[PDB]
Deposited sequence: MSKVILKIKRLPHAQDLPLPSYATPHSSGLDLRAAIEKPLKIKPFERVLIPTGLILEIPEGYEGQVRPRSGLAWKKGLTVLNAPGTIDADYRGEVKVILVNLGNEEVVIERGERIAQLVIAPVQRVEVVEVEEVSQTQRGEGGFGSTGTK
């Protein structure tokens, strides 16, 4: 099985480890490692720190995906979804939440704001050609 090393920064010690809700969940939940609650006005973005520093193994990546509950109930989503967490990233993972609703939103301390999904990547060799004909065409 693939192992995922996670190191909890000072502002993520009291919060629980990212875990799977169900034995067939696709991703681990990400929490807002914030001090005081955060107020997100409509139509602007906010950089929320998670307090996690991960070692994603070779051949795999991390994807910061939105939470379906926060998206429908409050109009909140991850701006750059799917956030590409490269396997060689050693800094603090951060989530860019943006409010596409027309009404104020508040994110509390330790609230699940996104989900990190670990998936295999295919690194391709790039060659320039001068392509095959298909039925889909252009």
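*Asks:* Ranges lacking C-alpha coordinates, please, mapped onto the deposited sequence and listed in sequence order.
*Replies:* Gaps in the modelled chain, taken against the deposited sequence, lie at 1-2, 133, 142-150.
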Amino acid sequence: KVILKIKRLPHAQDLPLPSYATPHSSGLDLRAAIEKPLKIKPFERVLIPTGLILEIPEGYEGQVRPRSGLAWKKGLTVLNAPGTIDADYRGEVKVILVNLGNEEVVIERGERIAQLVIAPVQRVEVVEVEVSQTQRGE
From here on, numbers count along this sequence of modelled residues.
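*Asks:* Do the CA atoms of 34-42 or those of 90-98 have the higher mean B-factor in the entry?
*Replies:* Here the higher of the two C-alpha B-factor means belongs to 34-42.
*Asks:* Tell me which stretch, 68-76 or 102-110, has the higher mean Cα B-factor listed in the entry.
*Replies:* The stretch with the larger average C-alpha B-factor is 102-110.
*Asks:* Among the modelled residues of this chain, does the Cα B factor of residue 49 put it in the lowest, middle or highest third?
*Replies:* Tercile = lowest for this residue's CA B-factor.
*Asks:* Rank-wise, by C-alpha B-factor, drop residue 83 into the lowest, middle or highest third of its chain.
*Replies:* CA B-factor rank for residue 83: lowest third.
*Asks:* Please say which third, lowest, middle or highest, residue 9 falls into when its CA temperature factor is compared across its chain.
*Replies:* CA B-factor rank for residue 9: middle third.
*Asks:* For the chain shown, is the CA B-factor of residue 122 in the lowest, middle or highest third of its modelled residues?
*Replies:* As the PDB entry reports it, the C-alpha B-factor of residue 122 lands in the highest third of its chain.
*Asks:* Ranking every modelled residue in this chain by its Cα temperature factor as given in the entry, which third contains residue 129?
*Replies:* Highest third - that is where residue 129 ends up once the chain's C-alpha B-factors are sorted.
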